[PDB]
Number of protein chains: 2
Amino acid sequence: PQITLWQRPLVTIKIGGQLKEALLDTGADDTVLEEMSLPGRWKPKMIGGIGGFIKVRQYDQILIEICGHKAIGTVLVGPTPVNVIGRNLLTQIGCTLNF
Amino acid sequence: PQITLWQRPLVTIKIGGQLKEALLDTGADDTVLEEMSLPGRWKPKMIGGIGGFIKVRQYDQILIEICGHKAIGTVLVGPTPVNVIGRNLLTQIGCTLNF
Ligand SMILES: NC(=O)c1ccc(S(=O)(=O)N(Cc2ccccc2)[C@H]2CNC[C@@H]2N(Cc2ccccc2)S(=O)(=O)c2ccc(C(N)=O)cc2)cc1
Ligand SMILES: [Cl-]
Ligand SMILES: [Cl-]
């Protein structure tokens, strides 16, 4: 698809058997989602932006489906105010910026 | 152009006659630059990042070039982790997300 930026580029995703709304965010190095359970190992990380930092759990090799595409990547889980899909997974679906 | 996301989408901008590096951020609603001088009067604005909301300075109808494409719009000034070019100017230069 070609997605306009007149509005926030929100997509639905499936992860953990769960459906979630998320922002396609080229500014985010990694995908960050609100508190949820995920399988496997993880490690603690601090991520930050305007307003400061939050602590997240970093899970790797997580299966996610996005716009009918299945991708594998890192998911940061923690108290974010906005779920975003970061570059780490946008590359896997072949997403590019164009003007 | 077409910009992939394996690396941060950093581009050169020109504002106030000076060159600066900035991140193309489709997660940012607005355009937020590091502390700098801009002409005219400003207005207060609160923007929300991952660690919370903060006040920044809002300047309207400011000329700014993004990768050589000329724009004129709202530029916010404040303690942003990096210069970000948000949807208000990305739409202006005709930028979309594609996959
Ligand atoms: N309103 C506006 O214009 C606005 C809002 C908010 C900001 S921000 O400063 O917060 N900012 C830019 C940013 C921050 C840090 C590095 C490079 C660029 C966010 C916008 N897109 C990416 C950022 N994030 C997603 C987000 C947060 C809030 C609203 C919408 C989207 S995030 O959750 O901070 C995050 C941080 C870091 C990582 C990581 N390390 O992977 C992942 C995620 C700027 C502008
Ligand atoms: Cl103020
Ligand atoms: Cl604008």
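No Cβ is skipped: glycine too gets one built from the backbone with ideal geometry, and neighbour counts run over all protein chains shown. Bear in mind these aren't lab numbers, they're just calculated from the coordinates by the rules spelled out.
General remarks:
- Qualifying residue in the range B:67-90 (condition: within 10 Å of ligand 3 (Cβ to nearest atom), within 30 Å of A:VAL77 (Cα to Cα) and polar (S, T, N, Q)): yes
- Leading residue by the ranking (nearest to A:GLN2 (Cα to Cα)) among those in the range B:8-34 that are polar (S, T, N, Q) and either more than 10 Å from the chain's Cα centre (by Cα) or at the interface with another protein chain (Cβ under 10 Å from one of its Cβ atoms) (or both): B:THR26
- Selection count, the range B:1-30, where residues are within 19 Å of A:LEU23 (Cα to Cα) and in a loop (DSSP other than H, G, I, E, B): 12
- So B:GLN61, is it more than 16 Å from ligand 2 (Cβ to nearest atom) and on the phi > 0 side of the Ramachandran plot: yes
- Of the residues making up the range B:12-23, those that are farther than 21 Å from A:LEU76 by Cβ and either within 16 Å of ligand 3 (Cβ to nearest atom) or in contact with a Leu (Cβ under 6 Å, 6 or more places away or on another chain) (or both) number 5.
- The residue list B:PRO39, B:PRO79 contains one member that is within 16 Å of ligand 2 (Cβ to nearest atom) and surrounded by fewer than 14 Cβ atoms within 10 Å (Cβ to Cβ), which is B:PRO79.
- Residue within the range B:35-47 that is under 25 Å from A:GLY48 (Cα atoms), within 14 Å of chain A (Cβ to nearest Cβ), within 15 Å of ligand 1 (Cβ to nearest atom) and in a loop (DSSP other than H, G, I, E, B) present: yes
- If only residues of the range B:71-99 that are at the interface with chain A (Cβ under 8 Å from one of its Cβ atoms) and in a strand (DSSP E or B) are counted, the one that is farthest from ligand 1 (Cβ to nearest atom) is B:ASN98.
- For the range A:55-70, the set of residues classified as part of a strand (DSSP E or B) and within 11 Å of chain B (Cβ to nearest Cβ) consists of A:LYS55, A:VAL56, A:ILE66, A:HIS69, listed by residue number.
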